[PDB]
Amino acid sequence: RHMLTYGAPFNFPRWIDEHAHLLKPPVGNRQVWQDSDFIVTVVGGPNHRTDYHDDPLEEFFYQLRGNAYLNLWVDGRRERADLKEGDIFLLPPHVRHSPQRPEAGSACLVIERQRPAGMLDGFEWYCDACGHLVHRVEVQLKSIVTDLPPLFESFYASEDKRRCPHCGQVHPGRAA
């Protein structure tokens, strides 16, 4: 049997307007369709964050409204990829990325794939003093809204998780 499981086409700019109040703290983002293989999200702002995501699959970005940027590790060095309003970008698997979204009213279309069982996501923090990895957690990712907060929260709550194994500096946690 063949039906439109994810419903009919609809106007995207009006959808974003109607969901603006989720596109800001404390929720910040909203998945468009549920139970699909393509995970299609709109991400708003402001939001800053200190974690780097290690995604085993690609991520597509289209910065529809306002500006944002990705903090990256590429070739072993910190780098910044700007997502200016109107930019698209395709992130290869496993490139560590920390999205920074300073602007209220911004909106970024992000498209990712459901990860199959056994294909784990990583979330990493790095030492601001020496660049060493401080902590990494791997998760079988099923839902961004519900599987990521307890993970981030347990990092911020633990001086041990935040302690750099190389230089001893305790990572600040949330605001950095």
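The numbering used is simple: start at 1 and walk along the sequence shown. Rigid core here is just the name for the largest C-alpha set that superposes within 1.5 Å across the two forms.
Between 144 to 152 and 41 to 49, report the one with more C-alpha displacement in 5 other deposited structures of this protein relative to this form after a rigid core superposition.
Output: 144 to 152, the stretch lying farther off on average in 5 other deposited structures of this protein.
Would you mind working out which of 163 to 171 and 18 to 26 sits farther from this form in 5 other deposited structures of this protein by RMS C-alpha distance, with the rigid core as the fit?
It is 18 to 26 whose C-alphas lie farther from the shown form in 5 other deposited structures of this protein.
Name the higher of the two by mean Cα B-factor in the PDB entry, 39 to 47 versus 23 to 31.
If you average the C-alpha B-factors of 39 to 47 and of 23 to 31, the larger mean comes out for 23 to 31.
Which is higher in the entry, the mean Cα B factor of 137 to 145 or that of 50 to 58?
Averaging CA B-factors over each stretch, the winner is 137 to 145.
Among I111, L70, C108, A117, where is the Cα temperature factor highest, going by the PDB entry?
Highest C-alpha B-factor among the listed options: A117.
State the tercile, meaning the lowest, middle or highest third, of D121 with respect to the CA B-factors recorded for its chain.
Ranked within chain, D121 CA B lands in the lowest tercile.
Based on the entry's values, in what third of the chain does the Cα temperature factor of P165 lie: lowest, middle or highest?
It belongs to the highest third of the chain when residues are ordered by C-alpha B-factor.
Would you check the entry's CA temperature factor for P102 and let me know if it's in the chain's lowest, middle or highest third?
For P102, the deposited C-alpha B-factor lands in the middle third.
Classify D82 as lowest, middle or highest third according to the C-alpha B-factor given in the PDB entry, relative to its own chain.
According to the entry, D82 has a C-alpha B-factor in the chain's middle third.
Using the temperature factors of the C-alpha atoms in this entry, rank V74 within its chain: lowest, middle or highest third.
Ranked within chain, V74 CA B lands in the highest tercile.
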